[PDB]
Amino acid sequence: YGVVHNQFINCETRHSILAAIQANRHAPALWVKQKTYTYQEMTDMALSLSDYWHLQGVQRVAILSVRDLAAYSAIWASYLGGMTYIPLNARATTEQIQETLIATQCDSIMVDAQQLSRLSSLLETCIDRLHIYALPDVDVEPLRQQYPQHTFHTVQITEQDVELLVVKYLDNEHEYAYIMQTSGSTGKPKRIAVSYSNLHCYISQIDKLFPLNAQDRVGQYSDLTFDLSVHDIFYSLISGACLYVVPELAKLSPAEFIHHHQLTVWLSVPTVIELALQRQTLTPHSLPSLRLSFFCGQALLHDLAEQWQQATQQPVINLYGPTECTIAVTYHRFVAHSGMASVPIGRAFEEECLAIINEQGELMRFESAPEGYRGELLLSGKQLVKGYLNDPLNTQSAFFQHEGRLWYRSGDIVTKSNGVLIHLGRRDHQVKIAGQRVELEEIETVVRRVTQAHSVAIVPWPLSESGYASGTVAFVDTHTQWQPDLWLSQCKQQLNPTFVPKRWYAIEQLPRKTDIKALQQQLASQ
Ligand SMILES: Nc1ncnc2c1ncn2[C@@H]1O[C@H](COP(=O)([O-])OC(=O)C[NH3+])[C@@H](O)[C@H]1O
């Protein structure tokens, strides 16, 4: 034998997930609608779907099922199999779903028994052959007979050897893991495709800063169309923890849900705190099981975070980031003794990811920016997506190159204070309405079309004490024929119900660019 001086042999996060599944095969992985499923049972369903899709040559699967076993089965199946999932909004119309399938070139849909009625309306008008997937408990026979122009696949659940998990699998970290959609100013949705490496970077950051163990119980509050749900699902999975799906009819009682199931980990928009306070459920020490509370999506007010922390007596974490940069990109542990009015959004998981550009147009890396520096936050790094899917115009305006790396204009205005970022607002009219992202211009565009009005303003209203808007109202000019029943009827076909204006005003003149605050002040007077 020859004497040898050296040897060299040619995804860590994916490995951790596969290992977690093996290590906790007999443990509960998912609770949904009064049923519990172990890691082994979820693995059997997931790899059965995944194997079948591989043989079918499916890459993208749309998911119509919501808050149901079939949705989580398909999401695990897509992840384990290196495929791309596309969650469909629970209140999307037939037409909106068609637009999504077309834009994402997807002809495969995972359904369940609760969605068969919506599916039927889709199948009725879609001319192209769709491939419909369901678990064996779903009776697809009548629809199969009724729609031979489409194809229905019942996938049998085979038992799967979890010992084989690590070798039975994938080497395109740049393939898309999921595709989200968000509000576009013209009513055409922007689509955001998030890669495996985007997702793996995020999960690895959160797992190392805030590690869970297999005894943890993770809430799944957010809709699957909102990327917070991606956090819930994969955070639980990498930890071998149990994910608890919040039933639709319990989203309005979050504190009771947490206490009822003794949840140890929670993530939602901070509106949830206000709601819990309104229902008189947030008394001190009332939530002892909740050891990690994350909030993302809207400005976290100090007083809100304080009241939630008194209930849990445990850490509260502010998370910030847009869907375009994979869930959250900064974080800040809430400090009760900060004496500030809002909770900072903090600092990035990874250094060299943030820059601020001021009104002069000077780009400044976060590490170099001085105390008090102010301007628009720019994002970069491994969590940033390539741009918007098939939308070069929006990509060009939001994404740009600068000395080697791709930066993204968040639109968020921040200040650097005492070494952390404070979120001050936005330069545009993107807002959250009841916790959901929307462009006020998308609503205005729809209302303009439907009313044919010359002048239109969309105003977030009413506002809570924290400044969170639960709805919108519309102002139209006094020259358009007043037909608010007809207007309402048409808006519901073009906007999610959350965004449809709940109150309509015919007003002689708008206060002035439209002064949204003045309209808010006026509305407060009645
Ligand atoms: N912790 C926080 N504080 C203040 N604003 C936040 C925030 N987290 C998110 N936002 C706002 O939400 C926008 C992104 O909304 P989104 O629906 O794309 O994604 C999320 O909320 C979490 N991925 C950000 O650009 C920012 O305006």
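One is the number of the first residue; the rest follow in order along the sequence. Scope of the values below: all heavy atoms of this structure, side chains included, with no hydrogens, waters or symmetry mates. We count ligands from 1, going down the list as the structure has it; atoms in each ligand are counted the same way.
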I need the single residue from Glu442, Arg437, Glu439 that forms a side-chain hydrogen bond (donor to acceptor under 3.5 Å, both in side chains) with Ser183. Which is it? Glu442
How are the rings of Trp308 and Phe295 set relative to one another: parallel (under 30°), tilted (30 to 60°) or perpendicular (over 60°)? perpendicular
Residue pairs involving residues 343-391 (criterion ring-ring contact (aromatic ring centres under 6.0 Å, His included); sequence neighbours excluded): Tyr331-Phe349, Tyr388-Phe399
Which ring-ring contact (aromatic ring centres under 6.0 Å, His included) pairs, counting each pair once, include a residue from residues 72-102, with sequence neighbours left out?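 Listed once each, the pairs are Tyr39-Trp76, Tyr79-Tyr196, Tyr79-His200, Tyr79-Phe234, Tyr85-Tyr178.
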Side chain to side chain contact (heavy atoms under 4.5 Å, CB included) partners of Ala70, counting only residues at least two apart: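 By the side chain to side chain contact (heavy atoms under 4.5 Å, CB included) rule, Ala70 matches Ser65, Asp68, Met110, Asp112, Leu135.
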Residues with a heavy atom under 4.0 Å from ligand 1, by chain and number, are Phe226, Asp227, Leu228, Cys296, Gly297, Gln298, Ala299, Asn318, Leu319, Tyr320, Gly321, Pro322, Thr323, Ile327, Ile345, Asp412, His423, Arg426, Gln430, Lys432, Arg437
For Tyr320, which of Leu300, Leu377, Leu421, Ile327 qualifies under side-chain contact (heavy atoms from CB on, under 4.5 Å)? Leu377
